[PDB]
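Written out below as structure tokens is the structure these notes cover.
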Amino acid sequence: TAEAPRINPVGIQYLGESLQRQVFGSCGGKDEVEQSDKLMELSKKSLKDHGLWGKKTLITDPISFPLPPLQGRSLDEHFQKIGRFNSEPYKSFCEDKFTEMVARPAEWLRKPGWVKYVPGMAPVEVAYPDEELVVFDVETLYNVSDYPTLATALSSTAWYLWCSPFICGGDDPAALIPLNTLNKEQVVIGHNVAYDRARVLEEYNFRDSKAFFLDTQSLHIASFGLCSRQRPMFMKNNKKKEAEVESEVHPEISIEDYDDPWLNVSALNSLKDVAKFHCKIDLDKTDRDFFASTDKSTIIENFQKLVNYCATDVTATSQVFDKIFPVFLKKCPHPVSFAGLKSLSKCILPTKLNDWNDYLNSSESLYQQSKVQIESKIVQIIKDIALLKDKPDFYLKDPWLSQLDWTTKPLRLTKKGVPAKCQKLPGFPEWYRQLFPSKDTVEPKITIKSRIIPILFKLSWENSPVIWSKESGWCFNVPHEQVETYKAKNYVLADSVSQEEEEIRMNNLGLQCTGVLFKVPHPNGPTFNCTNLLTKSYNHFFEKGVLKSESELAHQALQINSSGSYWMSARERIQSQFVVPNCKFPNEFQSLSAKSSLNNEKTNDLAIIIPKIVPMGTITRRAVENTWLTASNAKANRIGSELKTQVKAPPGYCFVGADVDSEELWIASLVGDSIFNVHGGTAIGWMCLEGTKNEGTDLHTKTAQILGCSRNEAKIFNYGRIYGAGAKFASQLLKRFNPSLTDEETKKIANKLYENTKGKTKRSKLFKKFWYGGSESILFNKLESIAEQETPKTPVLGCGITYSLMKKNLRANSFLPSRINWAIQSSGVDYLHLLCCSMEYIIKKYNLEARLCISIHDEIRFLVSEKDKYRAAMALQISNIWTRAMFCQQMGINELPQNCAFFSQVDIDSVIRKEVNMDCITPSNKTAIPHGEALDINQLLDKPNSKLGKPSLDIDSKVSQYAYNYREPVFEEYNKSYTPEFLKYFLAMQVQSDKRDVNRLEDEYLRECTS
DNA sequence: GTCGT
DNA sequence: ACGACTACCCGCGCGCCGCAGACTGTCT
DNA sequence: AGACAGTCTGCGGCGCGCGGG
Ligand SMILES: Nc1ncnc2c1ncn2[C@H]1C[C@H](O)[C@@H](COP(=O)(O)OP(=O)(O)OP(=O)(O)O)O1
Ligand SMILES: *P(=O)(O)OC[C@@H]1CC[C@H](n2cc(C)c(=O)[nH]c2=O)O1
Ligand SMILES: [Mg+2]
């Protein structure tokens, strides 16, 4: 009756026969049986050492449902043909591009709209250029409005100029540039092209577009990338440039280029630096000042020079692209990369105008009131203190007040006249005078972040006033008889120089001296000093009675800081967004579906925001957004944290979204398990694959119960260990999570956890230094082994590394921890590209009404009508299983576990939030939001409308034309170098747990080598 | 790239 | 001089130091 | 009636801590 589960030697489930046939086809192995016997004995020893042999795992019923068929005999052929289908039209336009440039017109004309100039003929007026490929540039005035002012375009046969009606006679500055994007397929090349895309008229539609905007900055960051090592390497480049500019003679190859050949590899991302590095062109940026004016009559003059400057920028961009493009084509030869690059450039954000304005007003109105209410009282306190000038004894017999500078400057007297020498507050103490910046200032300036805040307040650490020392920071005084006693609680003595400084400071006031000075502890360590006392770290110490105040203002200050830090950080970015309403452009906001189907209300308000996304702005080739990839989540106390809830779907539509579970951990486990050619060969892989999230048995949750912390903190703890964190930092993090623990406990727990995870180290001559005896030793050794290759490539697709981080350019400096993370963090991007390609292929094939809305890292959302929601979820599941199967096949394994095949949850909602069940209550927002829906695979299958429907026959016919070429995987050519006996003896030494075993196996290997 | 034995 | 080291992004506020710039007071 | 040498008086760039994903 029921199908029997299929289980490999270790207790893990695989896919059913139906899914096996529909995904992997007919594949057989058993070629390496003789090697697999010895490998299985070694794996048996490794698993029995850690007590994981014969342990129970989760087993469920098989899952069977019909998938769409594949287009090849292997996954690689299928993905290549789909990528060629999806990137065929525009890539032919990218090649055969013109290399010669036509001449410029002698004189330009000021007419509203689009004017075409062809050399040898009279200029004409056109509605739109109607060209396959153009180079584009836009200029706007940013102090009057956000709308464009003029535009220039170049093609292979003519020049095009666009002029706004605002500068040709008129008072309405709202206008947009038309390009007929909804009907004509075209490629537009530019530098930071998203800013230019935001000013196009036909981009403000819910219906999809047919234009491809390409950026040269991403192409420069990918190949010939800037170092971007998050290192002083950026400072190193700047100081080299300063030194080279300073000295006419440049013997660079003599000293600094010999030690650091990386210096002459790349430059900065700006257009000036990129153009200067790639070509011998010098550009001028002065003319930008002409666009900083408020009046428009200045733009009427100097028309010719501004237009010529725009044309020069266009020419420079054209030459830069012509130089860069083939190198990027050589570095990334797979079509899926280009398809994903095209796909990641069409984001859109629906909003509403009035709600946006109300949200902004509420946030600002709360923030300013909260700031002013606490800033009012400190001035009164200062004015109360300031009347003690006449009597010295009060402030000379007080502990806190005696650390101020009370010296007064005498009144100057020029001969026979008033001084009038720009004096500031004559006959006043120095600390009072220092508050006022200028003569015009009448009210003192003070914030809660000023240095003298503890002195103005009365702050005590264990009933001892705080003292400021220039060398060490904040300190407190301990009597002699207890100096040893306070050393029992891990209090570090201050530096000696501070001791003499305190000695003379007291001696100037007499009072002899008692005790020594200890330092207030700092969370990062004993070496770092303390300079602030109202941060998050000292909030805990305000409770439990360690830090105490004689005034009621400190706790309020802590509340206000914690409530307003994020809004203070992000207010300028948030308030400057460009929002376009429906009232101004009544012929553009067209529905995604072809049929209108009414759904019209009494003048409803809608708006669209186009994000400024740079597709490839990282060495690991991730995307960059300054505002929308850094948005905070909703919190009860935090002000203005409901930003992402402002994205609302129009009536009759919804959002469908998904997020990937434990991506890089799974990738690392697969890389570790690839050696034994079995799932669960290593201990870490068996621990990772034995549980799943829906029953609360995943690795992060288990670490959370072992360490007694949250899952988010456990993620940081687990990733830090993998990416190279020491045991001391781990103990510091453990104390950070639980601040009521002693240092000794954290040290023993950290050492015990690190000993089990990583074994001892063995150093030899013929074999280099390696770890042994640990559960993850093989994974680590494989990480440095692949990091030390001559030509590193991503294991799945085969993308090369940037020239800055290559071995030959790095002579002395190494940057190893940045070289190790690169492969995993780039596979994380290959995953997203494959997902996007699969989803958009399915959307084209089955005629679904959907469009990509937003793509945060490892999280994707789509805007879908009411009818086709479950079909979109189904397509998401199919894309996920195809991507995982491709990753498994590229490593040399033709099997897939059942537990990790599908998404845990799929979210259907009307707004963007982390969880569908959140209420999103903030101090700014007093209204709850209704909950959404979340579904897993079985409940999705139970739905009646989950089925796809009938396909289109012509799509497969078009796809079948493209060609396929066989390529060898990268790990095979890596393995070609090493001899088999070397690998077997090395792994046999790695699986041992004792030094004598390693020595005797090394001796046997040496004897075999001699024999 | 940067800092201790 | 060798070995050990969480990784990739974004940005605001406060203290410090190097220079323009105005005010006299002899000095011519 | 200038010449110029001190003599203060701010103003701007830099860097590093401190927070968000
Ligand atoms: N401190 C960190 N250090 C290094 N990498 C991190 C760190 N935090 C997050 N990441 C990495 C790992 C992830 O691939 C990715 C973050 O995506 P994320 O979804 O939050 O983690 P996750 O997918 O493993 O958990 P979950 O299953 O809950 O989604 O970047
Ligand atoms: P936020 O919702 O917290 O994070 C979403 C994405 C996932 C990946 C990226 N990211 C976040 C954090 C906190 C990190 O340390 N590293 C990341 O890459 O932000
Ligand atoms: Mg995730």
Side-chain angles (χ1 to χ4, degrees), chain A residues 227-236 238 259-260 262 409 412-415 417-420 422-424 434 436-441 445-453 522-524 527-532 534-537 561-562 564-574 614 617-633 635 638 640-641 643-644 664 712 715-730 732-733 761 763 769 810 812-826 828-829 856-859 914:
Chain A
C227 357
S228 231
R229 214 245 80 162
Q230 241 149 43
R231 229 25 180 114
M233 225 167 142
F234 270 146
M235 190 173 60
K236 301 315 176 204
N238 308 321
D259 299 303
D260 289 292
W262 74 264
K409 297 296 289 183
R412 294 179 182 176
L413 183 63
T414 199
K415 64 182 181 293
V418 65
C422 311
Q423 294 179 357
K424 200 188 54 179
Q434 186 159 357
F436 307 71
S438 179
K439 293 187 287 184
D440 62 358
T441 315
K445 184 177 180 180
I446 190 79
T447 67
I448 62 170
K449 291 174 71 175
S450 303
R451 177 174 285 182
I452 62 170
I453 285 310
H522 187 261
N524 296 359
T527 61
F528 292 165
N529 296 173
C530 182
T531 50
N532 296 115
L534 282 72
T535 43
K536 293 188 287 185
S537 296
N561 189 359
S562 52
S565 293
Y566 172 75
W567 180 246
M568 197 198 63
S569 161
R571 64 182 293 275
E572 190 276 331
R573 293 189 298 273
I574 292 180
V614 182
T618 301
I619 50 172
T620 70
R621 193 175 59 249
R622 306 169 85 176
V624 165
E625 181 66 26
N626 81 345
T627 304
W628 294 101
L629 294 175
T630 61
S632 178
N633 285 298
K635 276 190 49 59
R638 184 177 293 171
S641 66
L643 171 74
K644 294 191 288 166
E664 293 179 354
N712 301 144
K715 292 204 299 215
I716 310 177
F717 195 87
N718 300 341
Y719 285 133
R721 197 199 317 124
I722 300 172
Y723 293 141
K728 186 183 287 185
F729 182 61
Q732 270 165 33
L733 294 174
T761 73
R763 293 180 181 177
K769 182 174 73 175
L810 297 177
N813 292 269
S814 283
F815 314 119
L816 294 174
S818 291
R819 294 179 66 188
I820 301 186
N821 176 66
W822 176 82
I824 301 299
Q825 185 177 2
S826 301
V829 179
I856 299 169
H857 301 286
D858 65 359
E859 187 200 341
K914 170 92 58 181

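In what follows, chains carry the letters A, B, and so on, assigned in the order in which the sequence lines appear, proteins first and then strands, with residues in each chain numbered from 1. Side chains included, hydrogens not; waters and symmetry mates left out as well; all remaining heavy atoms used.
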Measuring to OP1 and OP2 of B/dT2, would you say a side-chain N or O of A/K236 lies under 4.0 angstrom away?
yes

Please measure how far the P atom in D/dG15 lies from the corresponding atom in B/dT2, and state the result in whole Å.
14 Å

Could you check whether A/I619 gets within reach of a base, just the sugar-phosphate, or nothing at all, counting any heavy atom under 4.0 Å?
sugar-phosphate

Taking it one step at a time, do A/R638 and A/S632 satisfy side-chain contact (heavy atoms from CB on, under 4.5 Å)?
CA-CA 9 Å; A/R638 184 177 293 171; A/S632 178; 2.5 Å; yes

When you check the phosphate oxygens OP1 and OP2 of D/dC18, does a side-chain N or O of A/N532 lie under 4.0 Å from one of them?
yes

Name the closest nucleotide to the A/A725 side chain, picking from B/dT2, C/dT6, D/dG10.
C/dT6

Please report the closest heavy-atom contact between A/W262 and A/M233, naming both atoms and the distance.
CH2-O, 3.3 Å

Determine the contact category for A/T535: base if any of its heavy atoms lies under 4.0 Å from a base atom, sugar-phosphate if only primed atoms, P, OP1 or OP2 are that close, otherwise nothing.
sugar-phosphate

Candidate nucleotides C/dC10, C/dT6, C/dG13, ranked by approach to the side chain of A/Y723 - the nearest
C/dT6

Which listed nucleotide (C/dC8, C/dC14, C/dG11) is nearest to the side chain of A/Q230?
C/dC8

Are OP1 or OP2 of B/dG1 and a side-chain N or O of A/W262 less than 4.0 angstrom apart?
yes

Does A/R721 reach a base, just sugar-phosphate, or nothing at all? Heavy atoms under 4.0 Å.
nothing

Taking any heavy-atom pair under 4.0 Å as a contact, classify A/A631: base, sugar-phosphate, or nothing.
sugar-phosphate

Once the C1'-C2'-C3'-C4' torsion sign is read, positive north and negative south, the sugar of D/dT9 turns out south

To the nearest angstrom, how far is A/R573 atom CZ from C/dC12 atom P?
6 Å

How many whole angstroms separate atom CG of A/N529 from atom P of D/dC18?
11 Å

What closest approach, in Å, do A/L534 and A/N561 show between heavy atoms, and which atom pair accounts for it?
O-ND2, 3.3 Å

Indicate whether OP1 or OP2 belonging to D/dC8 is found under 4.0 Å from a side-chain N or O atom of A/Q423.
no

Examine C/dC23 and say whether its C1'-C2'-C3'-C4' torsion places the sugar north (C3'-endo side) or south (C2'-endo side).
south

Would you kindly compare A/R229 and A/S450 by the position of their nearest DNA chain C nucleotide and give the one closer to the 5′ end?
A/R229

G-U wobble or Watson-Crick pairing nucleotide for C/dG21 (cut-off 3.5 Å, both distances)
D/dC8

Below 4.0 Å: OP1/OP2 of D/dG17 and any side-chain N or O of A/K536
no

Rounded to whole Å, CG of A/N813 lies from P of B/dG1 at a distance of 4 Å

Got a second to check how far A/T620's OG1 is from A/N821's CG, nearest 0.5 Å?
7.5 Å

What is the distance, to the nearest angstrom, from the CZ atom on A/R763 to the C1' atom on C/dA4?
11 Å

What's the CD1-P distance between A/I716 and D/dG20, to the nearest Å?
13 Å

Check the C1'-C2'-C3'-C4' sign on C/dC17 and let me know if the sugar comes out north or south.
south

Out of C/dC5, C/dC8, D/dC11, which has the shortest distance to the side chain of A/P817?
C/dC5

Which nucleotide, C/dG25, D/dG20, C/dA7, lies nearest any side-chain atom of A/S632?
D/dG20

Is C/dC5 north-puckered or south-puckered, judged from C1'-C2'-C3'-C4'?
south

How far apart are the closest heavy atoms of A/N626 and A/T630, and which atoms are they?
O-OG1, 2.9 Å

Using atom CE of A/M568 as one end and atom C1' of C/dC10 as the other, report the distance to the nearest whole Å.
14 Å

From the options C/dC14, D/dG10, D/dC18, select the nucleotide whose nearest atom is closest to the side chain of A/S438.
D/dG10

Please report the closest heavy-atom contact between A/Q423 and A/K439, naming both atoms and the distance.
O-CD, 3.8 Å

Phosphate OP1/OP2 of D/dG20 contacted by A/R638 side-chain N/O (<4.0 Å)
yes

Within the distance-only criterion (no hydrogens, no angle test), does the side chain of A/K644 pair as donor or acceptor with the backbone N or O of A/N633 below 3.5 angstrom?
no

Looking at C/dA7, I'd like to know if its phosphate oxygens (OP1 or OP2) sit under 4.0 Å from a side-chain N or O belonging to A/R819.
no

Quick one: which of A/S818, A/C227, A/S826, A/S228 gives a side chain to side chain contact (heavy atoms under 4.5 Å, CB included) with A/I619?
A/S228

Under 4.0 Å, counting only non-hydrogen atoms across every strand here, what does A/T630 touch: a base, just sugar-phosphate, or nothing?
base

Does A/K769 place a side-chain N or O at less than 4.0 Å from the phosphate oxygens OP1/OP2 of C/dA4?
yes

Starting from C1' on C/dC8, measure out to NE2 on A/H857 and report it in whole angstrom.
8 Å

So, is A/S228 close to the C/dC9 phosphate, meaning a side-chain N or O under 4.0 Å from OP1 or OP2?
yes

Given C/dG13, D/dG20, C/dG25, which nucleotide is nearest the side-chain atoms of A/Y566?
D/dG20

Do any side-chain nitrogens or oxygens of A/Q825 fall under 4.0 Å of OP1 or OP2 in C/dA7?
no

Can you tell me the distance, in whole Å, between the CD atom of A/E859 and the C1' atom of D/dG21?
11 Å

